[PDB]
$ cat my_file08.csv   # CSV, C-alpha atoms
chain,number,residue,atom,x,y,z
A,670,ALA,CA,-3.0,16.4,-22.6
A,671,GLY,CA,0.3,14.8,-23.7
A,672,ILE,CA,3.5,14.5,-21.8
A,673,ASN,CA,5.1,17.5,-20.1
A,674,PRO,CA,8.6,17.3,-18.5
A,675,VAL,CA,8.4,17.9,-14.7
A,676,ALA,CA,10.9,20.1,-12.8
A,677,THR,CA,12.1,18.2,-9.8
A,678,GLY,CA,10.9,19.4,-6.4
A,679,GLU,CA,7.2,20.1,-7.4
A,680,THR,CA,4.1,18.0,-7.6
A,681,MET,CA,3.4,15.9,-10.8
A,682,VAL,CA,0.1,14.4,-11.8
A,683,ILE,CA,-1.0,11.6,-14.2
A,684,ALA,CA,-4.5,11.2,-15.7
A,685,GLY,CA,-5.6,7.9,-17.1
A,686,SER,CA,-8.7,6.1,-18.3
A,687,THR,CA,-10.1,2.7,-17.1
A,688,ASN,CA,-13.2,0.6,-17.3
A,689,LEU,CA,-13.1,-1.0,-13.9
A,690,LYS,CA,-15.5,-0.5,-11.1
A,691,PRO,CA,-14.1,2.2,-8.8
A,692,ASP,CA,-14.7,0.9,-5.3
A,693,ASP,CA,-14.0,-2.8,-5.9
A,694,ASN,CA,-10.9,-2.3,-8.0
A,695,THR,CA,-7.7,-0.2,-7.8
A,696,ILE,CA,-4.9,1.1,-10.0
A,697,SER,CA,-1.3,0.7,-9.0
A,698,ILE,CA,1.3,3.2,-10.2
A,699,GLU,CA,5.1,2.5,-10.0
A,700,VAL,CA,7.8,5.0,-10.8
A,701,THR,CA,11.3,3.8,-11.6
A,702,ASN,CA,14.5,5.6,-12.5
A,703,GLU,CA,16.8,4.8,-15.5
A,704,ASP,CA,18.3,1.9,-13.6
A,705,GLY,CA,14.8,0.7,-12.7
A,706,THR,CA,15.0,1.3,-9.0
A,707,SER,CA,11.6,2.0,-7.4
A,708,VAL,CA,11.4,5.7,-6.5
A,709,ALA,CA,7.7,6.2,-6.0
A,710,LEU,CA,4.6,4.0,-5.5
A,711,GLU,CA,1.0,5.3,-5.6
A,712,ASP,CA,-2.5,3.8,-5.8
A,713,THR,CA,-6.0,5.1,-6.1
A,714,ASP,CA,-9.6,3.7,-6.3
A,715,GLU,CA,-11.7,6.8,-6.6
A,716,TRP,CA,-13.1,7.9,-10.0
A,717,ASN,CA,-16.6,9.0,-11.2
A,718,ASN,CA,-18.5,7.6,-14.2
A,719,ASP,CA,-16.2,9.6,-16.5
A,720,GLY,CA,-13.6,6.9,-16.3
A,721,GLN,CA,-10.8,9.4,-15.5
A,722,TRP,CA,-8.4,8.7,-12.6
A,723,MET,CA,-5.8,11.2,-11.5
A,724,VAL,CA,-2.8,10.3,-9.3
A,725,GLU,CA,-0.3,12.8,-7.8
A,726,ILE,CA,3.3,12.1,-7.1
A,727,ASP,CA,6.0,14.2,-5.4
A,728,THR,CA,9.2,15.0,-7.4
A,729,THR,CA,11.5,16.2,-4.6
A,730,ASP,CA,14.0,13.3,-4.6
A,731,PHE,CA,13.8,12.5,-8.3
A,732,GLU,CA,16.9,12.6,-10.4
A,733,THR,CA,17.1,13.9,-14.0
A,734,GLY,CA,16.5,11.4,-16.8
A,735,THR,CA,13.8,9.4,-18.6
A,736,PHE,CA,11.9,7.8,-15.7
A,737,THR,CA,9.4,5.1,-16.3
A,738,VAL,CA,5.8,5.0,-15.0
A,739,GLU,CA,3.9,1.7,-15.0
A,740,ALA,CA,0.2,1.4,-14.4
A,741,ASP,CA,-1.3,-1.9,-13.4
A,742,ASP,CA,-5.0,-2.7,-12.9
A,743,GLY,CA,-4.4,-6.3,-11.9
A,744,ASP,CA,-4.9,-7.7,-15.4
A,745,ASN,CA,-3.0,-5.5,-17.8
A,746,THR,CA,0.2,-3.4,-17.6
A,747,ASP,CA,0.9,-0.1,-19.3
A,748,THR,CA,4.3,1.7,-19.5
A,749,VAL,CA,5.3,5.2,-20.3
A,750,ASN,CA,8.4,7.4,-20.0
A,751,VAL,CA,8.7,10.9,-18.7
A,752,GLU,CA,11.8,13.2,-18.7
A,753,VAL,CA,12.3,14.4,-15.1
A,754,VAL,CA,14.4,17.6,-15.3
A,755,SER,CA,15.8,20.1,-12.7
A,756,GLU,CA,13.9,22.9,-14.4
A,757,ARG,CA,11.7,23.5,-17.4
A,758,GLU,CA,11.5,26.2,-20.1
A,759,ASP,CA,8.7,28.7,-19.9
B,353,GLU,CA,-24.3,4.1,4.9
B,354,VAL,CA,-25.9,1.1,6.7
B,355,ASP,CA,-29.2,0.8,8.5
B,356,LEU,CA,-30.8,-1.3,11.3
B,357,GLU,CA,-34.5,-2.0,11.0
B,358,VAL,CA,-36.7,-3.0,13.9
B,359,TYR,CA,-39.9,-5.0,13.1
B,360,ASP,CA,-43.3,-5.4,14.6
B,361,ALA,CA,-43.4,-7.3,17.9
B,362,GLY,CA,-44.4,-11.0,17.6
B,363,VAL,CA,-43.2,-11.3,13.9
B,364,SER,CA,-41.4,-14.4,12.9
B,365,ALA,CA,-37.8,-14.3,11.7
B,366,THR,CA,-38.5,-15.9,8.3
B,367,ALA,CA,-41.7,-13.9,7.7
B,368,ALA,CA,-40.1,-10.5,8.7
B,369,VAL,CA,-38.3,-10.3,5.3
B,370,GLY,CA,-41.6,-9.3,3.7
B,371,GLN,CA,-43.2,-6.6,5.8
B,372,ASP,CA,-41.8,-3.1,6.0
B,373,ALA,CA,-39.8,-2.1,9.0
B,374,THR,CA,-41.6,-0.3,11.8
B,375,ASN,CA,-38.6,2.0,12.2
B,376,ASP,CA,-35.0,2.1,11.3
B,377,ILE,CA,-31.7,4.0,12.1
B,378,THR,CA,-28.8,4.7,9.8
B,379,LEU,CA,-25.1,5.3,10.4
B,380,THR,CA,-21.9,5.7,8.3
B,381,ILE,CA,-18.9,3.4,8.2
B,382,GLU,CA,-15.3,4.5,7.2
B,383,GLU,CA,-12.1,2.6,6.6
B,384,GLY,CA,-9.1,2.5,8.9
B,385,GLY,CA,-5.8,4.0,7.8
B,386,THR,CA,-3.3,1.4,9.0
B,387,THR,CA,0.3,2.6,8.8
B,388,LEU,CA,3.9,2.1,10.1
B,389,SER,CA,5.9,4.5,12.1
B,390,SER,CA,9.3,3.2,13.0
B,391,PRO,CA,10.9,1.6,9.9
B,392,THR,CA,11.3,4.4,7.4
B,393,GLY,CA,14.1,6.1,5.5
B,394,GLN,CA,17.6,5.2,6.5
B,395,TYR,CA,18.4,1.8,8.0
B,396,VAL,CA,21.7,-0.1,8.9
B,397,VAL,CA,22.1,-3.6,7.7
B,398,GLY,CA,22.1,-6.2,10.5
B,399,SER,CA,21.0,-3.7,13.1
B,400,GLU,CA,18.0,-4.5,15.3
B,401,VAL,CA,15.2,-2.0,14.9
B,402,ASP,CA,11.8,-1.5,16.6
B,403,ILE,CA,8.5,-1.9,14.7
B,404,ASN,CA,5.4,0.1,15.6
B,405,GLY,CA,2.4,1.6,14.0
B,406,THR,CA,-1.3,2.0,14.0
B,407,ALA,CA,-3.7,-0.8,12.8
B,408,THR,CA,-7.2,0.8,13.2
B,409,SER,CA,-10.0,-1.7,12.2
B,410,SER,CA,-7.5,-4.6,12.5
B,411,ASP,CA,-6.7,-7.3,15.0
B,412,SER,CA,-3.4,-8.7,13.5
B,413,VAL,CA,-1.0,-7.4,10.9
B,414,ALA,CA,1.8,-8.6,8.7
B,415,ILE,CA,5.0,-7.0,7.3
B,416,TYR,CA,6.2,-7.5,3.7
B,417,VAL,CA,9.3,-6.3,1.8
B,418,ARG,CA,9.3,-5.4,-1.9
B,419,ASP,CA,11.9,-4.7,-4.6
B,420,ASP,CA,10.6,-4.7,-8.2
B,421,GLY,CA,8.5,-7.8,-7.6
B,422,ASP,CA,6.1,-9.4,-5.2
B,423,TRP,CA,5.9,-8.7,-1.5
B,424,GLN,CA,7.7,-11.3,0.6
B,425,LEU,CA,6.8,-12.0,4.2
B,426,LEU,CA,9.2,-11.8,7.2
B,427,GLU,CA,9.1,-14.5,9.9
B,428,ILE,CA,9.1,-12.0,12.8
B,429,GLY,CA,7.0,-14.3,15.0
B,430,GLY,CA,5.9,-17.9,15.2
B,431,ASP,CA,2.5,-17.0,13.9
B,432,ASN,CA,3.9,-14.2,11.7
B,433,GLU,CA,1.3,-11.8,13.2
B,434,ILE,CA,1.4,-8.8,15.6
B,435,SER,CA,-1.6,-8.3,17.9
B,436,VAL,CA,-3.3,-4.9,18.1
B,437,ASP,CA,-4.2,-3.4,21.4
B,438,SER,CA,-7.5,-1.6,22.4
B,439,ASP,CA,-5.9,1.6,21.2
B,440,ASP,CA,-5.6,0.4,17.6
B,441,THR,CA,-1.8,0.3,18.0
B,442,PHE,CA,0.7,-2.5,17.3
B,443,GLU,CA,4.3,-2.7,18.3
B,444,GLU,CA,7.1,-5.3,18.0
B,445,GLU,CA,10.4,-3.8,19.1
B,446,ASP,CA,14.0,-5.0,18.8
B,447,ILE,CA,13.8,-7.3,15.7
B,448,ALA,CA,16.6,-8.0,13.3
B,449,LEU,CA,15.3,-7.4,9.8
B,450,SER,CA,18.4,-8.9,8.1
B,451,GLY,CA,18.4,-11.9,10.4
B,452,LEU,CA,15.3,-13.7,9.2
B,453,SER,CA,14.7,-16.7,7.0
B,454,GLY,CA,12.3,-15.1,4.6
B,455,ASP,CA,13.4,-13.8,1.2
B,456,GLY,CA,12.5,-10.3,2.3
B,457,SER,CA,15.3,-10.5,4.9
B,458,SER,CA,17.8,-11.5,2.2
B,459,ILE,CA,16.6,-8.6,0.0
B,460,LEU,CA,17.1,-6.2,2.9
B,461,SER,CA,20.5,-7.7,3.7
B,462,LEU,CA,22.0,-6.1,0.6
B,463,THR,CA,22.6,-2.3,0.5
B,464,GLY,CA,20.0,-0.4,-1.5
B,465,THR,CA,16.6,1.2,-1.7
B,466,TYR,CA,13.6,-1.0,-1.1
B,467,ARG,CA,10.0,-0.8,0.1
B,468,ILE,CA,8.5,-2.1,3.3
B,469,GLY,CA,4.7,-2.4,3.8
B,470,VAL,CA,2.2,-3.5,6.4
B,471,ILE,CA,-1.0,-5.3,5.6
B,472,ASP,CA,-3.9,-6.7,7.6
B,473,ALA,CA,-3.5,-10.4,8.6
B,474,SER,CA,-7.1,-11.1,7.8
B,475,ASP,CA,-6.5,-9.7,4.3
B,476,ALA,CA,-3.0,-11.3,4.2
B,477,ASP,CA,-4.3,-14.8,3.4
B,478,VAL,CA,-5.7,-15.4,-0.1
B,479,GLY,CA,-6.6,-19.1,0.1
B,480,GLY,CA,-8.5,-19.5,3.4
B,481,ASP,CA,-5.3,-20.2,5.3
B,482,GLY,CA,-5.4,-19.9,9.1
B,483,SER,CA,-2.0,-18.0,9.0
B,484,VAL,CA,-0.4,-15.3,6.9
B,485,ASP,CA,0.4,-16.2,3.3
B,486,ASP,CA,4.1,-16.3,2.4
B,487,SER,CA,3.9,-14.3,-0.8
B,488,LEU,CA,1.5,-11.7,-2.1
B,489,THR,CA,1.5,-9.9,-5.4
B,490,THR,CA,1.1,-6.2,-6.0
B,491,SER,CA,-2.6,-6.4,-6.7
B,492,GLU,CA,-3.3,-8.5,-3.6
B,493,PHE,CA,-1.3,-6.2,-1.3
B,494,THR,CA,-2.9,-3.1,-2.7
B,495,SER,CA,-6.5,-4.3,-2.7
B,496,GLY,CA,-6.5,-5.0,1.0
B,497,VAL,CA,-6.0,-2.4,3.8
B,498,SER,CA,-2.3,-1.8,3.6
B,499,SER,CA,0.4,0.9,3.6
B,500,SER,CA,4.0,1.2,2.4
B,501,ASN,CA,7.1,3.2,3.1
B,502,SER,CA,10.5,3.7,1.4
B,503,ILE,CA,13.5,2.2,3.2
B,504,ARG,CA,17.2,2.5,2.3
B,505,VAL,CA,19.6,0.0,3.9
B,506,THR,CA,23.2,1.0,4.0
B,507,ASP,CA,26.6,-0.5,5.0
B,508,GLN,CA,27.8,-0.6,8.6
B,509,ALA,CA,30.0,2.1,10.1
B,510,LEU,CA,32.6,1.8,12.9

$ encode --input "my_file08.csv" --output "structure tokens"
Amino acid sequence: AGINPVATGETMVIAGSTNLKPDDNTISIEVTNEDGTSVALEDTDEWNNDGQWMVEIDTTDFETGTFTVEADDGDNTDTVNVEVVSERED
Amino acid sequence: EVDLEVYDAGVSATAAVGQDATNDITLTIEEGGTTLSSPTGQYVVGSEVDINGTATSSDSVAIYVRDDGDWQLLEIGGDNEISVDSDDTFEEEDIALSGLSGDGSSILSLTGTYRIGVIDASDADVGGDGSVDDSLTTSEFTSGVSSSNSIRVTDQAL
């Protein structure tokens, strides 16, 4: 749950909820940098009757900063910010 | 899964909807992962490049360019389509991406990072048109059988 900063170079995942039919619809995810340049684009259309959809994105070429992730279902748009960092604290 | 059902000999076409099938056979159907091969990663503005890829389950394909907006079509050919061989492969070599009339060409004519995608020509149109539609939004491009790649156009070197 929540937002966790991602160390660049590894794999990041996003989990979201939707009410759309899985097969006939799809969710588009766009990742942009601080300047808004498109750095990653992913989509999915597979989720069970739990309404949870998970999308995986690579962070190899990502810079460090508050990147923006936008999810579009074709009717509504949701935006979020995640701090991509070189390395985390653990 | 999809099934074919044989019916009793001598039955009429209209009446056959009621009676149960004498026998049936089932089989599975899967989608085709159309994708591009040549245009990816680095590219030089104004340089002619080859276009090739696989278009399984497709007869014609179209190419679109995107930068923080809708996908714009490129006037590569007269019909804006590329035929697919019997091997589910399409190719159109030695085309100038930056030397086209479409807005995607102008977008690719300025140095920067962009996205280039391929879509099915049958899924390209959204209004019953006999040809490829000029512009498609993100949802229309994603819904149909399509693929995308990251491109980066840079300045010339001598």

$ interface_residues --input "my_file08.csv" --of "chain B" --to "chain A" --cutoff "12 Å" --atoms "all atoms listed in the file" --output "ChimeraX atom specification"
/B:418-421,464-469,489-504

$ closest_residue --input "my_file08.csv" --among "A:683, A:754, A:722, A:691" --to "residue A:739" --atoms "all atoms listed in the file"
A:683

$ closest_residue --input "my_file08.csv" --among "A:748, A:755, A:680, A:686" --to "residue A:726" --atoms "only C-alpha atoms"
A:680

$ atom_distance --input "my_file08.csv" --atom1 "atom CA of residue B:443" --atom2 "atom CA of residue B:483"
19.0 Å

$ atom_distance --input "my_file08.csv" --atom1 "atom CA of residue B:444" --atom2 "atom CA of residue B:476"
18.1 Å

$ atom_distance --input "my_file08.csv" --atom1 "atom CA of residue B:357" --atom2 "atom CA of residue B:377"
6.7 Å

$ closest_residue --input "my_file08.csv" --among "A:745, A:735, A:750, A:729" --to "residue A:679" --atoms "only C-alpha atoms"
A:729

$ residues_around --input "my_file08.csv" --residues "residue B:375" --least-positions-apart "2" --cutoff "12 Å" --atoms "only C-alpha atoms" --output "short mmCIF file (atom, residue, chain, number, x, y, z; two decimals) with C-alpha atoms, in the frame of the given file"
data_model
loop_
_atom_site.label_atom_id
_atom_site.label_comp_id
_atom_site.auth_asym_id
_atom_site.auth_seq_id
_atom_site.Cartn_x
_atom_site.Cartn_y
_atom_site.Cartn_z
CA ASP B 355 -29.20 0.80 8.50
CA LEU B 356 -30.80 -1.30 11.30
CA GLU B 357 -34.50 -2.00 11.00
CA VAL B 358 -36.70 -3.00 13.90
CA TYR B 359 -39.90 -5.00 13.10
CA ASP B 360 -43.30 -5.40 14.60
CA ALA B 361 -43.40 -7.30 17.90
CA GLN B 371 -43.20 -6.60 5.80
CA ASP B 372 -41.80 -3.10 6.00
CA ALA B 373 -39.80 -2.10 9.00
CA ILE B 377 -31.70 4.00 12.10
CA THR B 378 -28.80 4.70 9.80
#

$ closest_residue --input "my_file08.csv" --among "B:450, B:463, B:458, B:438" --to "residue B:399" --atoms "only C-alpha atoms"
B:450

$ residues_around --input "my_file08.csv" --residues "residue B:412" --least-positions-apart "3" --cutoff "12 Å" --atoms "all atoms listed in the file" --output "PyMOL selection string"
chain B and resi 386+405-409+415+429+431-437+440-444+470-477+483-484+497

$ residues_near_point --input "my_file08.csv" --point "(14.2, 10.7, -9.4)" --cutoff "8 Å" --atoms "all atoms listed in the file" --output "PyMOL selection string"
chain A and resi 677+701-702+708+728-734+736+753

$ closest_residue --input "my_file08.csv" --among "B:452, B:459, B:505, B:381" --to "residue B:423" --atoms "all atoms listed in the file"
B:459

$ decode --input "my_file08.csv" --residues "stretch 365-419 of chain B" --atoms "C-alpha atoms" --output "mmCIF file, in the first residue's frame"
data_model
loop_
_atom_site.group_PDB
_atom_site.id
_atom_site.type_symbol
_atom_site.label_atom_id
_atom_site.label_comp_id
_atom_site.auth_asym_id
_atom_site.auth_seq_id
_atom_site.Cartn_x
_atom_site.Cartn_y
_atom_site.Cartn_z
ATOM 1 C CA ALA B 365 -30.942 -24.191 -42.297
ATOM 2 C CA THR B 366 -33.599 -22.189 -40.442
ATOM 3 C CA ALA B 367 -34.899 -25.178 -38.467
ATOM 4 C CA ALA B 368 -31.419 -26.353 -37.413
ATOM 5 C CA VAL B 369 -31.191 -23.608 -34.766
ATOM 6 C CA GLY B 370 -33.524 -25.614 -32.524
ATOM 7 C CA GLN B 371 -32.333 -29.215 -32.508
ATOM 8 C CA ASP B 372 -29.195 -30.255 -30.662
ATOM 9 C CA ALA B 373 -26.029 -30.857 -32.653
ATOM 10 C CA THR B 374 -25.288 -34.431 -33.679
ATOM 11 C CA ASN B 375 -21.605 -33.774 -32.953
ATOM 12 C CA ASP B 376 -19.230 -30.874 -32.401
ATOM 13 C CA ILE B 377 -15.529 -30.034 -32.307
ATOM 14 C CA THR B 378 -13.836 -27.300 -30.274
ATOM 15 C CA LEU B 379 -10.635 -25.330 -30.797
ATOM 16 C CA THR B 380 -8.854 -22.362 -29.236
ATOM 17 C CA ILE B 381 -8.008 -18.983 -30.780
ATOM 18 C CA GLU B 382 -5.205 -16.646 -29.708
ATOM 19 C CA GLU B 383 -4.267 -13.103 -30.680
ATOM 20 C CA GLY B 384 -1.293 -12.062 -32.805
ATOM 21 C CA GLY B 385 1.545 -10.008 -31.367
ATOM 22 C CA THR B 386 2.233 -7.504 -34.137
ATOM 23 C CA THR B 387 5.441 -5.555 -33.562
ATOM 24 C CA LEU B 388 8.118 -3.454 -35.252
ATOM 25 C CA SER B 389 11.795 -4.352 -35.576
ATOM 26 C CA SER B 390 13.793 -1.704 -37.458
ATOM 27 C CA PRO B 391 12.844 1.751 -36.068
ATOM 28 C CA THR B 392 13.870 1.715 -32.405
ATOM 29 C CA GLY B 393 16.213 3.680 -30.177
ATOM 30 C CA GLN B 394 18.584 6.066 -31.918
ATOM 31 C CA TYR B 395 17.683 7.754 -35.196
ATOM 32 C CA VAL B 396 19.197 10.533 -37.315
ATOM 33 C CA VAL B 397 16.908 13.330 -38.486
ATOM 34 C CA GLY B 398 16.435 13.386 -42.249
ATOM 35 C CA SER B 399 18.047 9.967 -42.714
ATOM 36 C CA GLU B 400 16.202 7.315 -44.695
ATOM 37 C CA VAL B 401 15.560 4.181 -42.638
ATOM 38 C CA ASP B 402 14.027 0.781 -43.317
ATOM 39 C CA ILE B 403 10.735 -0.336 -41.766
ATOM 40 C CA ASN B 404 10.062 -4.002 -41.040
ATOM 41 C CA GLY B 405 8.256 -6.137 -38.509
ATOM 42 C CA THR B 406 5.742 -8.895 -37.904
ATOM 43 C CA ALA B 407 1.981 -8.514 -38.386
ATOM 44 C CA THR B 408 0.550 -11.898 -37.419
ATOM 45 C CA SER B 409 -3.244 -12.042 -37.879
ATOM 46 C CA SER B 410 -3.160 -8.903 -40.060
ATOM 47 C CA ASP B 411 -3.252 -8.096 -43.769
ATOM 48 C CA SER B 412 -2.273 -4.408 -43.708
ATOM 49 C CA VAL B 413 -0.672 -2.172 -41.078
ATOM 50 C CA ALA B 414 -0.173 1.528 -40.388
ATOM 51 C CA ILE B 415 2.508 3.494 -38.541
ATOM 52 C CA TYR B 416 1.831 6.335 -36.102
ATOM 53 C CA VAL B 417 3.978 8.812 -34.170
ATOM 54 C CA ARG B 418 3.241 10.147 -30.688
ATOM 55 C CA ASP B 419 4.603 12.851 -28.387
#
